[PDB]
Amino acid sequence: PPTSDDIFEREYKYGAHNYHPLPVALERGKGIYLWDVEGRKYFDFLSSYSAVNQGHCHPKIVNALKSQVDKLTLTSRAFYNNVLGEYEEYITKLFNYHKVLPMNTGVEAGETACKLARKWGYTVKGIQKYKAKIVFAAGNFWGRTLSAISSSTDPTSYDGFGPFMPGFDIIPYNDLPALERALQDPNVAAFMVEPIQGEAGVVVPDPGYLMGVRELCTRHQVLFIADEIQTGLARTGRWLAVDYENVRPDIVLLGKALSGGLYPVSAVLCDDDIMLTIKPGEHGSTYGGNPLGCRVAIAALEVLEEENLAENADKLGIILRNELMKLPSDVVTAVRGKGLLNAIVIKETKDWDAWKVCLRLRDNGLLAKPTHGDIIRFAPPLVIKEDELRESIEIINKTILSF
């Protein structure tokens, strides 16, 4: 029966050192709760960066996976499977776009959007071959490929990682005058932006930012790519975070909770005039659109809809933020978020930091992760109930006030 310490040391030996995780070794998860190898129980306040919006191992999603794995799991796209088309019709009708392109990981959805933007740039907009530019916001995080780190302003992402992808320009987040300036160049094909920046520390832009982005993109014939990989699927209290301002992006990226954490599924949504710039043989993925992922994804979306999780995230979010704001201003300097995507900023000294807070939260039965040594994310599954939420808030209060 391996201990928590055994688990840590074994990984140190045989695995890459590309992470420094919070020292907790989990073996079971159900709904809002996680259990470690010692049998200790925890509130999950990370939800695997929104991948388990439905709670850990939601029985509807598990039943879909169990049913389909006995039938067929992977043919490759060399042939048709019977599930993919059913999934495609369902998701396209739900989000109201003509088409979906299926992939596996969030970064793959991002790479696909970049490819679409360029191909649309050259074939429709009329940009001269390989002059196409994509604009990004500072603080952006969309993954770990050579392309994705090329748009990052985080030195931990890019430093040491070889020459960078050309054609990627960076402007400040939440800055309409900067976007307006950037879009004067007719060689800009697109702007990719997160409606709230997750990894940057739940950076919520000013009211009107999303409608301003939509207006500028349309005016200058530029694609608006919304990365809703973390913000989508009910986490902020709507189907999409862009719904708060009734904004329709050209391209929508989804991932994470698209499978309830059971399978790496991601999706790129857009209309025919953009989607069909990519011809047969010009893009894909071995596992993209496989029948098992598709069955899981259908069930995952059905859960979000059936259980009205968006409404729940909105209602409980307000409660969470209001209670967090009662913590002393000397210790917690800001509270931010929408729905159940939230964070606090702590008054870090050399004595005390976000890591130390998260260690004590763990000791008191709640799992959260810091994102810069002063930021702590609070993001439980959307299936959490009010009494469960208030019990969690009591843990958070006990912990913060115990210093």
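What we label the rigid core is the largest C-alpha set whose atoms superpose within 1.5 Å from one form to the other. Heads up: residue numbers just count along the shown sequence, starting at 1.
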field: Stretch farther from the shown model on average in 8 other deposited structures of this protein, with CA RMS computed after core superposition (350-358, 63-71)
entry: 350-358
field: Given 172-180 and 300-308, the range whose Cα B-factors average higher in the PDB entry
entry: 300-308
query: 325-333 versus 110-118: which one carries the higher mean Cα B factor per the record?
result: 325-333
message: Test of reading the entry: by CA B factor among the chain's modelled residues, which third contains residue 352?
response: lowest
message: For the chain shown, is the CA B-factor of residue 162 in the lowest, middle or highest third of its modelled residues?
response: lowest
statement: Here the Cα B-factor of residue 153, set against its chain, lands in the third termed middle
message: Using only modelled residues of the chain, where does the Cα B factor of residue 47 rank: lowest third, middle third or highest third?
response: middle
task: Just say lowest, middle or highest third for the CA B-factor of residue 253 relative to the other modelled residues in its chain.
output: lowest
